[PDB]
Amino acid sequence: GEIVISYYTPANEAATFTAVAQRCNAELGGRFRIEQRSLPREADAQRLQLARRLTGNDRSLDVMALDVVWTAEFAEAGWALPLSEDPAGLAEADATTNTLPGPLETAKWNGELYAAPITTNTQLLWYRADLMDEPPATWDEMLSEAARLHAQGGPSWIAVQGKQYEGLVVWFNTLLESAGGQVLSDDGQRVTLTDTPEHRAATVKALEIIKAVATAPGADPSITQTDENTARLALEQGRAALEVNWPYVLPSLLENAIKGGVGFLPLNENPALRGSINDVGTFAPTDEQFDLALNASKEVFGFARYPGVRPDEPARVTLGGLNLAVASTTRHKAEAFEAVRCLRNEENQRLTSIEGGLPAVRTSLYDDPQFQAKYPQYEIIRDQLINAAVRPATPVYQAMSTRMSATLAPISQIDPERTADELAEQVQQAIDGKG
């Protein structure tokens, strides 16, 4: 029997990347096979399980989909092989061509590639288009619109990622960079949360926003335990009319509405969409069915730019995504690197975004009319990539992030001025190596 290349991804996209792997297996003509294996649903726990396999020298571990913040650590640990170790010498060129350069930077350490981007990510504003006329453009307007809805007994929750984990650090980073701040200096060696008056003011403003959302009159009473999934559910279940979340929320809403899970969008009652869910449960409609389902959603659901912190200042939205790394444990370097190239080829990218919701990194797709029609999020994604925020690249990232979320949470108890100083001190201890 053939070589088996393991391909670890978060369970959130197991269905999509199982499909991509199966396409690759057919394209590979039997020379080897790729098998998808699922990691946990939240970032911190995805890393822990990879770290366990790597530290335990799991020789069956071949390809791993890393979050865009683990590159420096995995490179320095020897866990992610440099692309230059590809026996075929093709990995570096494949990663570099027709690949968005912002995402590509997240796969680098010390000027060298240790992974090939496969998906990027940038959060959008999602809103109930039937309950307001235009969406909020700033966090002040988010709070005012939520208060209006709360006064009328409407869905008053703002759906955010507020629990003690990476998603809270992402929220903070976006608000911070949108206000003109940054966590670390460009070289990663100094803390810049409070080192100048303008940097301090950006940190305080970001903390003011998180605190205000957490203490808002109609706020989610479980906001201190919220993540991507609770935010998606809060809007689908009619408890929130305002949500910030990644682009996968659109196909999720259409799919669950067709299945009968969205009260205010009973697409299950529409006979023309029978069969839009395929044999394994994935929303995969005809072109006509997609248009009809998307158009119906527009009555009650829209997306817009992530809200900024001040008027006429577009948000700087934190980049997310996945970069494919070959694990140093692999017994089959040549096939692992070849698997990476197949998994991220242009037609697999097309499917990854249209079916999975995850933004492609292949630059060409954002100009492709067929892609634009079936992945309507593309234009706001592109707009937000032009001024994206990026979490710092540092080999102490996980340690720094754990301290930050432990300082930010519970978000109900943030004090903007004092938490700003505690955050700066906790980050300093992280880059100092205290751990």
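Residue numbers run from 1 along the displayed sequence.
Participant: Averaging only over Cα atoms, indicate whether 312 to 320 or 81 to 89 has the higher B-factor in the PDB entry.
Facilitator: In the deposited entry, the stretch with the higher C-alpha B-factor mean is 81 to 89.
Participant: Would you determine, from the values in the PDB entry, which of 279 to 287 and 333 to 341 has the greater average C-alpha temperature factor?
Facilitator: On average, C-alpha B-factors are higher across 279 to 287.
Participant: Quiz for you: based on the deposited Cα B-factor, which of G111, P359, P307, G180 is highest?
Facilitator: Highest CA B-factor of the listed options: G111.
Participant: Tell me which of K205, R190, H199, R274 tops the list for C-alpha B factor in the record.
Facilitator: Largest recorded C-alpha B-factor: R274.
Participant: How does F32 rank on Cα B-factor within its chain, lowest, middle or highest third?
Facilitator: Highest third - that is where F32 ends up once the chain's C-alpha B-factors are sorted.
Participant: Which third of the chain does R382 land in by C-alpha B-factor: lowest, middle or highest?
Facilitator: CA B-factor rank for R382: lowest third.
Participant: Among the chain's modelled residues, which third holds the C-alpha B-factor of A26?
Facilitator: For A26, the deposited C-alpha B-factor lands in the highest third.
Participant: Select lowest, middle or highest to describe the third in which the CA B-factor of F264 falls within its chain in this entry.
Facilitator: It falls in the top third of the chain.
Participant: Would you please rank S252 by its C-alpha temperature factor against the other modelled residues of its chain and give the third it falls in: lowest, middle or highest?
Facilitator: As the PDB entry reports it, the C-alpha B-factor of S252 lands in the middle third of its chain.
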